[PDB]
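Visitor: Take a look at run_31.cif, mmCIF, N, CA, C and O atoms:
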```cif
data_my_file
loop_
_atom_site.label_atom_id
_atom_site.label_comp_id
_atom_site.auth_asym_id
_atom_site.auth_seq_id
_atom_site.Cartn_x
_atom_site.Cartn_y
_atom_site.Cartn_z
N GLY A 1 -157.82 -208.56 -27.98
CA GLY A 1 -156.57 -207.76 -27.93
C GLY A 1 -156.83 -206.27 -28.02
O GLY A 1 -157.95 -205.82 -27.80
N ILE A 2 -155.78 -205.51 -28.34
CA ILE A 2 -155.90 -204.06 -28.45
C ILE A 2 -156.15 -203.64 -29.90
O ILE A 2 -155.53 -204.17 -30.82
N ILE A 3 -157.06 -202.70 -30.08
CA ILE A 3 -157.40 -202.20 -31.42
C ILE A 3 -156.60 -200.94 -31.75
O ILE A 3 -156.39 -200.09 -30.89
N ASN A 4 -156.17 -200.83 -33.00
CA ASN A 4 -155.39 -199.68 -33.44
C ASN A 4 -155.87 -199.19 -34.81
O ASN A 4 -155.46 -198.13 -35.27
N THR A 5 -156.73 -199.98 -35.44
CA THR A 5 -157.26 -199.63 -36.75
C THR A 5 -158.51 -198.77 -36.63
O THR A 5 -159.33 -198.97 -35.73
N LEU A 6 -158.66 -197.81 -37.54
CA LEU A 6 -159.81 -196.92 -37.54
C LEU A 6 -159.97 -196.24 -38.90
O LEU A 6 -160.25 -195.05 -38.98
N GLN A 7 -159.80 -197.02 -39.96
CA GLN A 7 -159.93 -196.49 -41.32
C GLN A 7 -161.36 -196.04 -41.60
O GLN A 7 -161.66 -195.51 -42.67
N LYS A 8 -162.24 -196.24 -40.62
CA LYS A 8 -163.64 -195.85 -40.76
C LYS A 8 -163.82 -194.37 -40.46
O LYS A 8 -164.85 -193.78 -40.79
N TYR A 9 -162.82 -193.77 -39.83
CA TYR A 9 -162.87 -192.36 -39.48
C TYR A 9 -161.47 -191.78 -39.35
O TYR A 9 -161.27 -190.75 -38.71
N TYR A 10 -160.49 -192.44 -39.97
CA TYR A 10 -159.11 -191.97 -39.93
C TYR A 10 -159.00 -190.60 -40.57
O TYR A 10 -158.17 -189.78 -40.18
N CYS A 11 -159.85 -190.35 -41.56
CA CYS A 11 -159.87 -189.07 -42.26
C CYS A 11 -160.89 -188.13 -41.62
O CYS A 11 -160.96 -186.95 -41.95
N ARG A 12 -161.67 -188.68 -40.69
CA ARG A 12 -162.69 -187.92 -39.99
C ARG A 12 -162.14 -187.39 -38.66
O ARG A 12 -162.68 -186.44 -38.09
N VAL A 13 -161.07 -188.01 -38.18
CA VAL A 13 -160.45 -187.61 -36.92
C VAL A 13 -159.40 -186.53 -37.14
O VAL A 13 -159.20 -185.68 -36.27
N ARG A 14 -158.74 -186.56 -38.29
CA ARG A 14 -157.71 -185.59 -38.61
C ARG A 14 -157.20 -185.78 -40.03
O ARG A 14 -156.01 -185.61 -40.31
N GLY A 15 -158.11 -186.15 -40.93
CA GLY A 15 -157.73 -186.37 -42.31
C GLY A 15 -157.34 -185.09 -43.02
O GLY A 15 -156.76 -184.18 -42.42
N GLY A 16 -157.64 -185.02 -44.31
CA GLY A 16 -157.30 -183.84 -45.09
C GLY A 16 -158.29 -183.59 -46.22
O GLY A 16 -159.35 -183.00 -46.00
N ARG A 17 -157.93 -184.02 -47.42
CA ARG A 17 -158.80 -183.84 -48.59
C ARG A 17 -159.37 -185.17 -49.05
O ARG A 17 -159.01 -186.23 -48.53
N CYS A 18 -160.26 -185.11 -50.04
CA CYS A 18 -160.89 -186.31 -50.58
C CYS A 18 -160.79 -186.35 -52.10
O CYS A 18 -160.98 -185.33 -52.76
N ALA A 19 -160.52 -187.53 -52.64
CA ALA A 19 -160.41 -187.70 -54.08
C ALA A 19 -161.70 -188.29 -54.65
O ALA A 19 -162.47 -188.91 -53.92
N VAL A 20 -161.92 -188.10 -55.95
CA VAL A 20 -163.11 -188.62 -56.60
C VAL A 20 -162.95 -190.08 -56.98
O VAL A 20 -163.89 -190.87 -56.87
N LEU A 21 -161.75 -190.45 -57.43
CA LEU A 21 -161.47 -191.82 -57.83
C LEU A 21 -160.18 -192.32 -57.17
O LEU A 21 -160.21 -193.19 -56.31
N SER A 22 -159.06 -191.75 -57.59
CA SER A 22 -157.76 -192.12 -57.05
C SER A 22 -157.17 -190.96 -56.25
O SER A 22 -157.41 -189.80 -56.56
N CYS A 23 -156.39 -191.29 -55.22
CA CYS A 23 -155.77 -190.27 -54.39
C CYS A 23 -154.84 -189.38 -55.20
O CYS A 23 -154.60 -189.63 -56.38
N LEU A 24 -154.32 -188.33 -54.57
CA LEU A 24 -153.42 -187.41 -55.25
C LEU A 24 -151.96 -187.85 -55.06
O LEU A 24 -151.58 -188.31 -53.98
N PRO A 25 -151.13 -187.72 -56.11
CA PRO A 25 -149.72 -188.12 -56.06
C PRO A 25 -148.92 -187.36 -55.00
O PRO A 25 -147.85 -187.79 -54.59
N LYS A 26 -149.45 -186.21 -54.57
CA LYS A 26 -148.78 -185.39 -53.57
C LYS A 26 -149.26 -185.73 -52.15
O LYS A 26 -148.91 -185.04 -51.19
N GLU A 27 -150.06 -186.78 -52.03
CA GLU A 27 -150.58 -187.18 -50.72
C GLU A 27 -150.82 -188.68 -50.65
O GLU A 27 -151.07 -189.34 -51.66
N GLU A 28 -150.76 -189.22 -49.43
CA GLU A 28 -150.99 -190.64 -49.20
C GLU A 28 -152.41 -190.87 -48.70
O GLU A 28 -153.08 -189.93 -48.27
N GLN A 29 -152.87 -192.11 -48.75
CA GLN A 29 -154.21 -192.44 -48.30
C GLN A 29 -154.22 -192.82 -46.82
O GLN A 29 -153.34 -193.54 -46.35
N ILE A 30 -155.21 -192.32 -46.10
CA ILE A 30 -155.34 -192.60 -44.67
C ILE A 30 -156.64 -193.31 -44.36
O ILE A 30 -156.77 -193.98 -43.33
N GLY A 31 -157.62 -193.17 -45.24
CA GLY A 31 -158.91 -193.80 -45.04
C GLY A 31 -159.89 -193.49 -46.16
O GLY A 31 -159.54 -192.81 -47.11
N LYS A 32 -161.11 -194.00 -46.03
CA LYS A 32 -162.14 -193.76 -47.03
C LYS A 32 -162.82 -192.42 -46.80
O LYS A 32 -163.24 -192.11 -45.68
N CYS A 33 -162.91 -191.62 -47.86
CA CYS A 33 -163.54 -190.30 -47.76
C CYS A 33 -164.99 -190.34 -48.23
O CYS A 33 -165.63 -189.30 -48.39
N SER A 34 -165.51 -191.55 -48.43
CA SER A 34 -166.89 -191.72 -48.87
C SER A 34 -167.46 -193.05 -48.39
O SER A 34 -167.91 -193.16 -47.25
N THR A 35 -167.43 -194.06 -49.26
CA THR A 35 -167.94 -195.38 -48.91
C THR A 35 -167.62 -196.41 -49.99
O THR A 35 -167.50 -197.60 -49.70
N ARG A 36 -167.48 -195.94 -51.23
CA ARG A 36 -167.17 -196.83 -52.34
C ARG A 36 -166.75 -196.05 -53.58
O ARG A 36 -167.57 -195.41 -54.23
N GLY A 37 -165.46 -196.13 -53.91
CA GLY A 37 -164.95 -195.44 -55.08
C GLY A 37 -164.13 -194.21 -54.75
O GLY A 37 -163.53 -193.60 -55.64
N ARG A 38 -164.09 -193.83 -53.48
CA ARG A 38 -163.34 -192.66 -53.05
C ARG A 38 -162.42 -192.98 -51.88
O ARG A 38 -162.57 -194.01 -51.22
N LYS A 39 -161.46 -192.09 -51.62
CA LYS A 39 -160.51 -192.26 -50.53
C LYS A 39 -160.05 -190.91 -50.00
O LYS A 39 -160.40 -189.86 -50.55
N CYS A 40 -159.25 -190.93 -48.93
CA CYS A 40 -158.74 -189.71 -48.32
C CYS A 40 -157.23 -189.59 -48.51
O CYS A 40 -156.50 -190.56 -48.33
N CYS A 41 -156.77 -188.40 -48.87
CA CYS A 41 -155.35 -188.16 -49.07
C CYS A 41 -154.84 -187.02 -48.19
O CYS A 41 -155.52 -186.01 -48.02
N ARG A 42 -153.64 -187.19 -47.65
CA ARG A 42 -153.02 -186.18 -46.80
C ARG A 42 -151.65 -185.80 -47.35
O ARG A 42 -150.77 -186.64 -47.49
N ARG A 43 -151.49 -184.52 -47.68
CA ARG A 43 -150.24 -184.01 -48.22
C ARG A 43 -149.04 -184.44 -47.38
O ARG A 43 -149.07 -184.32 -46.15
N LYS A 44 -148.00 -184.93 -48.04
CA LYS A 44 -146.79 -185.38 -47.35
C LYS A 44 -146.07 -184.20 -46.71
O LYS A 44 -145.93 -183.14 -47.32
N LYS A 45 -145.61 -184.39 -45.48
CA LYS A 45 -144.90 -183.34 -44.75
C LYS A 45 -143.40 -183.62 -44.72
O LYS A 45 -142.62 -182.68 -44.99
#
```
Would you write the structure of this file as structure tokens?
Guide:
Amino acid sequence: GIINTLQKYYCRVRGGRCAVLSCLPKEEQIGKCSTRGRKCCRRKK
């Protein structure tokens, strides 16, 4: 079928910031900003 998932570079294509443990309350998660224990957060617009 057709692929639409890309959490492997969702933050690498147009992400934002990276958290150390948990994302920021002022932003949602779009993908992994590392590999284990971290994630990517993008400020809500």
Visitor: Where in chain A does DSSP assign strand (DSSP E or B), given as a CSV table (one decimal) with N, CA, C and O atoms, keeping the file's coordinate frame?
Guide:
```csv
chain,number,residue,atom,x,y,z
A,17,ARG,N,-157.9,-184.0,-47.4
A,17,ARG,CA,-158.8,-183.8,-48.6
A,17,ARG,C,-159.4,-185.2,-49.0
A,17,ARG,O,-159.0,-186.2,-48.5
A,18,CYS,N,-160.3,-185.1,-50.0
A,18,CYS,CA,-160.9,-186.3,-50.6
A,18,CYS,C,-160.8,-186.4,-52.1
A,18,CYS,O,-161.0,-185.3,-52.8
A,19,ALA,N,-160.5,-187.5,-52.6
A,19,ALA,CA,-160.4,-187.7,-54.1
A,19,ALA,C,-161.7,-188.3,-54.6
A,19,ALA,O,-162.5,-188.9,-53.9
A,27,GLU,N,-150.1,-186.8,-52.0
A,27,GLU,CA,-150.6,-187.2,-50.7
A,27,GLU,C,-150.8,-188.7,-50.6
A,27,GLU,O,-151.1,-189.3,-51.7
A,28,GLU,N,-150.8,-189.2,-49.4
A,28,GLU,CA,-151.0,-190.6,-49.2
A,28,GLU,C,-152.4,-190.9,-48.7
A,28,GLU,O,-153.1,-189.9,-48.3
A,29,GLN,N,-152.9,-192.1,-48.8
A,29,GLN,CA,-154.2,-192.4,-48.3
A,29,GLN,C,-154.2,-192.8,-46.8
A,29,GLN,O,-153.3,-193.5,-46.4
A,30,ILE,N,-155.2,-192.3,-46.1
A,30,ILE,CA,-155.3,-192.6,-44.7
A,30,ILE,C,-156.6,-193.3,-44.4
A,30,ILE,O,-156.8,-194.0,-43.3
A,31,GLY,N,-157.6,-193.2,-45.2
A,31,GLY,CA,-158.9,-193.8,-45.0
A,31,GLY,C,-159.9,-193.5,-46.2
A,31,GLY,O,-159.5,-192.8,-47.1
A,39,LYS,N,-161.5,-192.1,-51.6
A,39,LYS,CA,-160.5,-192.3,-50.5
A,39,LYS,C,-160.0,-190.9,-50.0
A,39,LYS,O,-160.4,-189.9,-50.6
A,40,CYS,N,-159.2,-190.9,-48.9
A,40,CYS,CA,-158.7,-189.7,-48.3
A,40,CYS,C,-157.2,-189.6,-48.5
A,40,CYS,O,-156.5,-190.6,-48.3
A,41,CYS,N,-156.8,-188.4,-48.9
A,41,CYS,CA,-155.4,-188.2,-49.1
A,41,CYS,C,-154.8,-187.0,-48.2
A,41,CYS,O,-155.5,-186.0,-48.0
A,42,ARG,N,-153.6,-187.2,-47.6
A,42,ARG,CA,-153.0,-186.2,-46.8
A,42,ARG,C,-151.6,-185.8,-47.4
A,42,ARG,O,-150.8,-186.6,-47.5
A,43,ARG,N,-151.5,-184.5,-47.7
A,43,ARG,CA,-150.2,-184.0,-48.2
A,43,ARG,C,-149.0,-184.4,-47.4
A,43,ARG,O,-149.1,-184.3,-46.2
```
Visitor: What lies within 8 Å of stretch 28-30 of chain A using only N, CA, C and O atoms, ignoring chain neighbours under 6 positions off, as a ChimeraX atom specification?
Guide: /A:6-12,15-17,39-44
Visitor: Rounded to one decimal in Å, what is the spacing between atom C of residue A:5 and atom CA of residue A:22?
Guide: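 If I compute the distance from atom C of residue A:5 to atom CA of residue A:22, I get 21.5 Å.
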Visitor: By how many Å are atom C of residue A:38 and atom O of residue A:2 apart?
Guide: 24.8 Å
Visitor: From a DSSP calculation on the backbone, collect every residue of chain A in helix (DSSP H, G or I) and output the set as a list in words.
Guide: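 Across chain A, those assigned helix (DSSP H, G or I) are residues 10, 11, 12, 13 and 14 of chain A.
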Visitor: Return as lines of an AutoDock Vina configuration file the box centre and box size in Å, one decimal, for an axis-aligned box around all listed atoms of stretch 21-31 of chain A padded by 3 Å per side.
Guide:
```
center_x = -154.8
center_y = -189.5
center_z = -50.6
size_x = 19.9
size_y = 14.9
size_z = 20.5
```
Visitor: Have a look at atom CA of residue A:18 and atom CA of residue A:3 and let me know their distance in Å, one decimal.
Guide: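 Computed distance, atom CA of residue A:18 to atom CA of residue A:3, equals 25.1 Å.
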